[PDB]
Amino acid sequence: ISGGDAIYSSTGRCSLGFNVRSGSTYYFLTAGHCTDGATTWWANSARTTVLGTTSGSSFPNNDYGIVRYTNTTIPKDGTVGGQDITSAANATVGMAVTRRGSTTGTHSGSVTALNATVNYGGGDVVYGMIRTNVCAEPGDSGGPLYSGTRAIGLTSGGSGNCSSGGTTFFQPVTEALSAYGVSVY
Ligand SMILES: N[C@@H](Cc1ccc(O)cc1)C(=O)O
Ligand SMILES: [Cl-]
Ligand SMILES: [Cl-]
Ligand SMILES: [Cl-]
Ligand SMILES: [Cl-]
């Protein structure tokens, strides 16, 4: 399993963001709105291949969370599909970026603003977000935003779709890495 692949909680489907670790303890990052209220995560819709257990969630304000792997045999590739990931970096305005998710696959675009605020309603306001003209659809949440070998963001939300076009906001991944003291590999 790698960044962008489907992940299933007790209630629905999101996307794996990045595989990360502290030492030989492996985890993955995803969206906080996906980890909120979740316990176990599975790799398949039939919920027979366990991945692991929710181990942190920050949503709203931020939108990141972390899952501790309990499945010792599944491959945990330090990649986003075929893209090798080696480090994390921060977005800049105008930067070419790529998202991968489990609903719509791989889509590219550009960063249009930094430090964006998104009000999802119901008190769920998030701050500090990377705004882009990349599209996304439900189920893509949590998936990676990257540029080359650099991990940049986690899919939070937005408007539109991949057929007609859209606007998507991403949580900076560096914040999540620092909050938990974990690293991409
Ligand atoms: N909110 C979706 C992600 C999303 C992104 C952009 C959109 O236009 C719509 C949905 C997730 O929880 O799975
Ligand atoms: Cl599904
Ligand atoms: Cl380490
Ligand atoms: Cl391993
Ligand atoms: Cl690179």
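Data overview
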| quantity | calculated |
| --- | --- |
| Estimated 222 nm signal from helices in the chain, with DSSP H stretches of n ≥ 4 weighted -39500 (n - 2.57), rounded to 500 | -1500 deg cm²/dmol |
| Peptides ranked, highest mean first, by Cβ atoms within 10 Å: ranges 58-70, 1-13, 146-158 | 146-158, 58-70, 1-13 |
| Inter-probe distance in nm under a simple model that places probes 7 Å from Cα toward Cβ, at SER24 and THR40 | 2.6 |
| Size of electric dipole in region 78-172: Cβ of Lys, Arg +1 and of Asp, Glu -1, about Cα centre, debye, nearest 20 | 160 |
| Region 41-129: C-alpha gyration tensor shape, a/c 1.5 cut-off, then a/b vs b/c | oblate |
| Histogram of C-alpha separations across region 78-172, 5 Å bin width, % | 3, 15, 28, 26, 18, 8, 2, 0 |
| Efficiency of FRET between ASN119 and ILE74 - r from beta-carbon atoms, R0 30 angstrom, step 0.05 | 0.20 |
| Of all DSSP beta bridges in the chain, antiparallel share, percent nearest 5 | 95 |
| GNM flexibility winner over the chain from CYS34, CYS162, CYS135 (Cα, springs under 10 Å) | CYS162 |
| Charge context of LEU51, other residues only, Cβ under 15 angstrom, K/R +1, D/E -1 | +3 |
| Three semi-axes of the equivalent ellipsoid, the chain, Cα gyration tensor, whole Å, largest first | 23, 17, 16 |
| Potential lengthening between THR112 and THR174 on full extension [0.36 nm per residue; Cα-Cα distance subtracted] | 20.5 nm |
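Computed from the coordinates by the stated procedures, all read-outs in this text should not be read as laboratory data. Please note: Cβ atoms are built from the backbone with ideal geometry, for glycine as well, and neighbour counts cover all protein chains shown.
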